[PDB]
Novice: 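Structure provided below as structure tokens; questions to follow.
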Amino acid sequence: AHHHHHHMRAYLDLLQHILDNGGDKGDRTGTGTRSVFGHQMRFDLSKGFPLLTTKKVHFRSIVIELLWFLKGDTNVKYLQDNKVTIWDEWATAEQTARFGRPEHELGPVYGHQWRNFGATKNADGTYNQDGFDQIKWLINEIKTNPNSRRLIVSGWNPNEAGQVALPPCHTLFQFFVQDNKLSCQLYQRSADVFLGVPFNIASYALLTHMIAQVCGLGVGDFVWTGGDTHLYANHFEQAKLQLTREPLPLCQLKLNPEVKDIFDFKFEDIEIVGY
Amino acid sequence: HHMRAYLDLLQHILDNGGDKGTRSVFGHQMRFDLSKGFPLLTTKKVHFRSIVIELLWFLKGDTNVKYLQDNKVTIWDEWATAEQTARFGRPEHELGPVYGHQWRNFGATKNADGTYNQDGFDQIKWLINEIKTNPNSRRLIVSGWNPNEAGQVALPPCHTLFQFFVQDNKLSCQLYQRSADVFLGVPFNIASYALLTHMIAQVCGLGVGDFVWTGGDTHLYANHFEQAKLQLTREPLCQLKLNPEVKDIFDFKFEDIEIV
């Protein structure tokens with residue numbers, strides 16, 4: 001029998017649960033889904049990094065995307081300069097015109113929500129810097145008040161969720177400190193368990209390690225919580241294949257220990273190595 | 001079955017909870033099938049009256065406590081005193097941008113005198129329309145969390161965000177609670193949001209599915225340890241009854257809502 005490591009066991013348990021117990025949606029046209037509403041998985045970050053089924057080659061793009069969010073940038077050029085294509089589909093002139101904005105501009109996606117939540121718009125067409133820098137506040141609160149029960153970052157502004165191609169699926173996240181270890185929980189309103197969930201878990205587990213380092217903490221658990229948690233019917237066979245695949249090796253994150261500032265990480269500071 | 005999920009949470013915190021006094025876990029989830037009965041858990045029938053009136057107050061978008069005080073519901077009084085409101089430059093009885101403001105007027109701007117314009121986002125009105133016209137939407141969401149305002153109120157919203165879901169004409173709801181005292185807060189808040197789910201289901205012509213409770217910082221105070229331990233040994237869900245004539249989420253009155 002295949003003996004999967006803990007993180008992959010939890011992920012495969014989710015795939016199996018959706019395949020076997022998910023409710024059916026869709027009619028006679030268009031790809032259907034099986035889904036459940038409400039799911040939760042826990043990953044002890046001291047027991048390996050939860051890369052799950054993410055290919056190591058794609059980890060590069062996960063890192064660069066996270067650095068882009070952390071910079072507060074919502075223009076695609078930084079990603080394209082780094083050969084990361086994750087957001088290209090929604091940054092074409094055709095796609096940005098759907099929201100009345102210029103090519104390369106994604107609108108108020110994660111970077112804006114994280115670094116400038118609720119800012120107002122200037123007559124020059126850009127955001128004023130009068131929003132709320134949730135990342136800066138968070139780091140300061142962890143350092144000065146680690147027992148805070150509101151170490152929260154929200155990606156959700158209802159006035160703006162309808163003004164982007166993909167209303168933020170990584171909707172809100174929260175941190176927690178216990179025994180000098182930093183834990184994080186992500187609330188994901190919508191989760192494609194096959195194509196999206198592994199990447200999102202890797203992204204937020206990475207962020208947890210980065211914040212832990214700059215605050216002088218160890219890592220606790222990453223807790224993944226899903227709302228509409230679904231598997232598209234064109235992936236049922238591929239999901240069944242994943243369930244029967246040989247176990248993947250454990251891996252661990254290695255961060256440049258000299259980085260002391262959450263906004264000072266570069267791509268080369270972050271790597272995956274053997275456990 | 002509803003009490004079993006809740007007793008399992010108590011047992012989990014008692015056994016594997018970290019100590020800081022309080023024992024606490026971070027990240028937990030419970031599911032209640034609303035077709036099996038109303039999850040009143042340990043909330044006494046006396047508290048149900050306050051749960052109902054408070055929820056109607058939230059839905060009105062009111063953040064002045066007058067409506068609560070008129071109805072003998074004092075749960076917000078400690079934060080509505082002149083001394084407490086003065087901390088934020090607000091008149092007596094004005095709590096500022098608490099739940100009702102977030103639900104009905106998220107992100108609204110202010111006049112010079114501190115009163116809000118109604119230029120924010122009415123999440124409740126949008127939600128009702130979206131359930132009726134697009135029930136498979138994956139963003140049937142109400143957020144209580146504005147970072148610009150969470151530090152501008154006495155109690156940053158504990159019921160941080162909630163989401164709905166429709167399957168087979170049954171409405172489910174998931175609550176994200178950033179912080180929760182398991183002994184009193186959790187049962188009260190489960191009842192509040194399960195009630196809301198029933199009210200929204202009725203106005204949209206739907207049945208009820210599950211209520212999913214998700215906790216962030218989930219804690220038990222030391223002064224409740226012994227009571228919690230004995231609650232596991234004690235080992236009878238009620239039923240909600242709504243006036244079937246109410247077809248608008250803003251039209252429920254206290255008299256329309258009963259627990260049998």
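In what follows, chains carry the letters A, B, and so on, assigned in the order in which the sequence lines appear, proteins first and then strands, with residues in each chain numbered from 1. Worth knowing before you read on, the calculation uses all heavy atoms, side chains too, and leaves out hydrogens, waters and symmetry mates.
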Novice: Counting only heavy atoms closer than 4.5 Å, note whether A/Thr225 contacts chain B via side chain, backbone, both or neither.
Specialist: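 Just its side chain gets close to chain B.
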
Novice: Would a line drawn from the ring center of A/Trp114 to the ring center of A/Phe173 be shorter than 6.0 Å?
Specialist: yes

Novice: A/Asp24 versus chain B, heavy atoms under 4.5 Å apart: side chain, backbone, both or neither?
Specialist: backbone

Novice: Out of B/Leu161, B/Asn136, B/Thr160, which one racks up the most heavy-atom pairs below 4.5 Å with chain A?
Specialist: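 Top option by heavy-atom pairs under 4.5 Å: B/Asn136.
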
Novice: Looking at A/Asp179, A/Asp228, A/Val153, which one has more heavy-atom pairs under 4.5 Å with chain B than the rest?
Specialist: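 It is A/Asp228.
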
Novice: Looking only at heavy atoms, which two atoms of A/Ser46 and A/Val219 are closest? And how far apart?
Specialist: N-CG2, 4.2 Å

Novice: Which answer fits A/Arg189, side chain, backbone, both or neither, if we ask what part of it has an atom under 4.5 Å from a heavy atom of chain B?
Specialist: both

Novice: If you round to the nearest 0.5 Å, how far is CD of A/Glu141 from CG of A/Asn145?
Specialist: 4.5 Å

Novice: Can B/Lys20 be said to sit on top of B/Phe26's aromatic six-ring, NZ or CZ under 6.0 Å from centre and within 45° of the ring axis?
Specialist: no

Novice: Which atoms of A/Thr229 are under 4.5 Å from chain B, going by heavy atoms: the side chain, the backbone, both sets, or neither?
Specialist: neither

Novice: Please state whether the side chain, the backbone, both or neither of A/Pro167 comes within less than 4.5 Å of a heavy atom of chain B.
Specialist: side chain

Novice: Between B/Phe106 and chain A, which part of the residue has a heavy atom less than 4.5 Å away: side chain, backbone, both or neither?
Specialist: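 It is both, since atoms from each part get that close.
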
Novice: So for B/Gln123, is it side chain, backbone, both, or neither that comes closer than 4.5 Å to the heavy atoms of chain A?
Specialist: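 For B/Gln123, the contact with chain A is made by the side chain alone.
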
Novice: Does some side-chain heavy atom of A/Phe222 sit less than 4.5 Å from a side-chain heavy atom of A/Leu186?
Specialist: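 In contact.
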
Novice: To the nearest 0.5 Å, what is the distance between CG (A/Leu231) and CG (A/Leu195)?
Specialist: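 The distance works out to 9.0 Å.
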
Novice: Could you tell me which of A/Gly38, A/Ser35, A/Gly23, A/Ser190 has the largest number of non-hydrogen atom pairs under 4.5 Å with chain B?
Specialist: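 Among the listed options, the one with the most contacts to chain B is A/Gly38.
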
Novice: I'd like to verify something: which residue of A/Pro158, A/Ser183, A/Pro168 has the highest number of heavy-atom pairs under 4.5 Å with chain B?
Specialist: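 Counting heavy-atom pairs under 4.5 Å, the top option is A/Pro158.
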
Novice: In terms of heavy-atom contacts, does CD of A/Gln163 have more than 12 from other residues, nucleotides or ligands at under 6.0 Å?
Specialist: yes

Novice: Among A/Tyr110, A/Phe263, A/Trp87, exactly one meets ring pair (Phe, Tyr, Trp, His ring centres under 6.0 Å) together with A/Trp68. Which residue is that?
Specialist: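 The residue from A/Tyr110, A/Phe263, A/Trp87 that satisfies ring pair (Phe, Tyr, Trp, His ring centres under 6.0 Å) with A/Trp68 turns out to be A/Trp87.
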
Novice: If we define contacts as heavy-atom pairs under 4.5 Å, which of A/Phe175, A/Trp137, A/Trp156 has the most with chain B?
Specialist: A/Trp156

